[PDB]
Amino acid sequence: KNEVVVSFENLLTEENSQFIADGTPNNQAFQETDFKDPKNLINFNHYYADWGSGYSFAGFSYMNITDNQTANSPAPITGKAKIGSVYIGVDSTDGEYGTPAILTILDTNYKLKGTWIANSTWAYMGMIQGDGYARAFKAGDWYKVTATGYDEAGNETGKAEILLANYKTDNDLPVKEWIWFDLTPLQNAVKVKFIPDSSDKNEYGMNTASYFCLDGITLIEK
Ligand SMILES: [Cl-]
Ligand code: NA
């Protein structure tokens, strides 16, 4: 069964750049658009706005941003992509005003094999020292990403999970590397939703940044 790695290389011309929607960002609400990879394998949804501090995204975004020092950076804590220079930034929430990151496989001969995943700098900084809204992690805290698969009609096909932090003691740290997230348990999913969660949460949702990163998204033939 042939494997293909989705790539957004050769799309960004400048350093420290990201996908920018065709529409006009506003400070009222997120607007939604989509982008597909150059091989027309997967459609990724993308939310965008500008609340007054510059372009703000949710859902998926391809970028080459390397800043792993600024407290609110969407860049992986590694400060670099797993493969090449381009990776995918994800800001995903579920619920009422939720902006979930849901990809759709377009070349339906393929299913997802998996992906590399890493913590965003924003989520990592929140866990190691807090960020006002988020509090520093201690024994018992965790950070998770759950992938839910669906068929074309939207019927659930399977679910997979991975931890990006799991503090057994006050002295532990979140995952600082790219790690492999096996997505074959989603079965023949066409649509895949990625939702982050944290032990640092309340009634309104999670306090740790709902930002994480993906790279080397791999498809395998069914
Ligand atoms: Cl648009
Ligand atoms: Na990459």
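Each residue of the sequence shown is one higher than the one before, counting from 26 in the deposited numbering. Here a beta-carbon is modelled for each residue, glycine too, at the ideal position from N, C-alpha and C.
Item to check | the segment 220 to 229 / the segment 89 to 108 touching (three or more Cβ pairs under 8 Å) | outcome: With the cut-off at 8 Å, the segment 220 to 229 and the segment 89 to 108 do not touch.
Item to check | Shell residues, 7 Å Cβ cut-off relative to heavy atoms of ligand 1 | outcome: Result (chain order): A46, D47, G48, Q56 and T58.
Checklist entry - Looking only at its own chain, which residues have a Cβ that is under 8 Å from the Cβ of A46, when we skip the five neighbours before and after it? => result One-based indexing of the sequence shown puts residue 46 at position 21. Hits under 8 Å: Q56, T58, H71 and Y73.
Checklist entry - Below 8 Å, can you find three or more Cβ-Cβ pairs linking the segment 174 to 187 to the segment 199 to 219? => result Between the segment 174 to 187 and the segment 199 to 219, the count of C-beta pairs closer than 8 Å reaches three or more; the two stretches touch.
Next on the checklist: Can you tell me whether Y112 sits near ligand 2, meaning its C-beta is under 7 Å from at least one heavy atom of the ligand?
Outcome noted: Along the sequence shown, one-based indexing puts residue 112 at 87. It does: the Cβ of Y112 is within 7 Å (strictly closer) of some heavy atom of ligand 2.
Checklist entry - Would DSSP call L66 helix, strand or coil? => result The sequence position of residue 66 within the sequence shown is 41, counting from 1. Of the three classes helix, strand and coil, the one that applies to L66 here is coil, per DSSP.
Checklist entry - Any chance the segment 140 to 148 sits against the segment 73 to 89, with 3 or more Cβ pairs inside 8 Å? => result Because the criterion of three Cβ pairs below 8 Å is not met, the segment 140 to 148 and the segment 73 to 89 do not touch.
Item to check | C-alpha distance - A164 paired with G114, whole-angstrom precision | outcome: Translated into positions along the sequence shown, residue 164 becomes position 139. Translated into positions along the sequence shown, residue 114 becomes position 89. Straight-line Cα distance between these residues: approximately 28 Å.
Checklist entry - Do you know whose CA, among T129, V111 and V200, lies nearest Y87's CA? => result For this step, residue 87 is matched to residue 62 along the sequence shown. The candidate whose alpha carbon is nearest that of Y87 is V111.
Item to check | Nearest-angstrom Cα separation, counted from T124 out to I187 | outcome: In the sequence shown, counting from the first residue as 1, residue 187 sits at position 162. In the sequence shown, counting from the first residue as 1, residue 124 sits at position 99. Their backbone Cα atoms lie some 20 Å apart in a straight line.
Checklist entry - Short check: CB of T103 to CB of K201, under 8 Å? => result Working through the sequence shown from its first residue, we reach residue 103 at position 78. Working through the sequence shown from its first residue, we reach residue 201 at position 176. Their beta carbons are under 8 Å apart, which means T103 touches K201 by this criterion.
Checklist entry - Do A96 and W147 come within 8 Å of each other at the CB atom, strictly closer than that value? => result By 1-based counting over the sequence shown, the position of residue 147 is 122. By 1-based counting over the sequence shown, the position of residue 96 is 71. In this structure, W147 places its C-beta atom within 8 Å of the C-beta atom of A96.
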